[PDB]
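The form deposited in one PDB entry is given below as one chain in structure tokens.
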């Protein structure tokens, strides 16, 4: 059986704080485009809010940061996220000890967020090294990036595919 799902289509996110590694606008853009990857294949729609309680909180932090999953310094775990639910449910956390970038150096924020949001929507890891839900990081350019068949099958068995027209 698989884990619980969001039981609505309009889902909100809030960026709690920004990493200083990147331009603030680029954080915004990378996160929006990572949600779009998943919006493109489901009926889910994501919007950013700046106040109010959001479904998905995006956090940058080092070490312990208030949940049961203290980060571990540079390398190791890069980020983690919680599956659908209230409260900490759906939240996505990125380790500030990594160096977050818009490019092939350090750790690419966009690619990392697509994986984390995969978790936030209910997915687990894939055994396919081409899947974005493969557990370890491997850079691919934002332009060439595509969800694998396995990523699509996974997300569509949870939410359906849309819906158009």
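The term rigid core refers to the maximal set of C-alpha atoms that superpose within 1.5 Å between the two forms. Residue numbers count along the first chain shown, from 1.
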Between 96-104 and 136-144, greater root mean square CA displacement in 5 other deposited structures of this protein relative to the shown form, after rigid core superposition, belongs to 136-144
Take the C-alpha B-factors listed in the entry for 93-101 and for 132-140, compute each mean, and give the stretch with the larger one.
132-140
Mean C-alpha B-factor comparison - 54-62 and 123-131, higher one
123-131
Identity of residue with top Cα B-factor, from 23, 12, 16, 157
157
Lowest, middle or highest third: which one holds residue 49 when the chain's residues are ordered by CA B-factor from the entry?
highest
Among modelled residues of the same chain, the CA temperature factor third for residue 112:
lowest
Sort the modelled residues of this chain by their C-alpha B factor and say whether residue 67 lands in the lowest, middle or highest third.
middle
Consider only the C-alpha atoms of the modelled residues in this chain, order them by B-factor as the entry records it, and name the third containing residue 5: lowest, middle or highest.
middle
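Separately, the form solved in complex with a small molecule exists; it is not shown, and the next lines address it.
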Taking 80, 119 and 137 together, does each of them reach the small molecule in the entry with it bound with some heavy atom inside 4.5 Å?
yes
With a 4.5 Å heavy atom cut-off, would you call residue 34 a contact of the small molecule in the entry with it bound?
no
Can you work out whether residue 56 and the small molecule are in contact in the entry with it bound, taking contact to mean some heavy atom pair no more than 4.5 Å apart?
no
Can you check whether residue 41 is within 4.5 Å of the small molecule in the entry with it bound, heavy atom basis?
no
With a cut-off of 4.5 Å between heavy atoms, is residue 132 one of the residues that contacts the small molecule in the entry with it bound?
yes
